[PDB]
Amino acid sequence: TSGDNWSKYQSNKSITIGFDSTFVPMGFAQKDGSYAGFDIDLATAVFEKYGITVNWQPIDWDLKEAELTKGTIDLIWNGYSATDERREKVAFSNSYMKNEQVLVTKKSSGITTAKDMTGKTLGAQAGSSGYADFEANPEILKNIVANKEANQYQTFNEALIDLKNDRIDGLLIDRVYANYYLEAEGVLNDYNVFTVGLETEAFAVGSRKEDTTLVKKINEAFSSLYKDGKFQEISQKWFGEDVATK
């Protein structure tokens, strides 16, 4: 099939992967500007099995579908939540990690439950699966937060600066990000982090629907990495635990 480009990636020994370069701990710009993270390590190890080098392309998370469809990237791999809505537009690998959407509030707010966001200001990442679930499940938060809206941000880092500065009262965000970020910045004990009854997510790798062979190759590589020690090594490095879905 024309859009099944595996043979091209294999012969060029290259594939382009798009990511939000602030999304810790999955794929992010480090203190020296180089990219690191769980997905950086995992994708590198996957494509190593085929002698393929990854070309990492930071993207605007708002534009990820457009960049994939237009061919400027070949995969979305960056804590990319595999949702039903997204399955209408892209194909997914098998999922490799669970995730949950949480609220983050300052401890000084005293807010540890969604109902105490009544009349309070919520923020979200504009292009996130979390924001999509905020709109799709309005009984959870949208109906009760100020203006029945979320302040929208391109990146969670900006949203978190706004939370720190009382510009928003709560932030809807991936738990993996919140846990890593707050620990890295030394401020775990300044914030509450809690689920609010959204259903769990899983992360997977997104491709163009027609790239069916590529998806199989990612899945086959996962099978090797689970038993060769590498998945566990990467998991321990970034999470201090085994996040394998088994």
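Quick note: we count residues from 1 along the sequence shown, nothing fancier.
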ask   = According to the deposited model, is the average Cα temperature factor higher in 192 to 200 or in 58 to 66?
value = 192 to 200
note = Mean Cα B-factor check, 150 to 158 vs 112 to 120, entry values; winner is 112 to 120
Out of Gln236, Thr16, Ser223, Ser21, residue topping the C-alpha B-factor column of the entry = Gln236
Out of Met97, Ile144, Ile76, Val104, residue topping the C-alpha B-factor column of the entry = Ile144
note = Chain-relative C-alpha B factor for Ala91 (record values, thirds): the middle
Chain thirds of CA B-factor: placement of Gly127 = middle
message = Is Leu214 in the lowest, middle or highest third of its chain when residues are ranked by C-alpha B-factor?
response = middle
query = With respect to C-alpha B-factor, does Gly37 fall in the lowest, middle or highest third of the chain as deposited?
reply = lowest
query = Looking at the C-alpha B-factor of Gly186, is it in the lowest, middle or highest third of its chain?
reply = highest
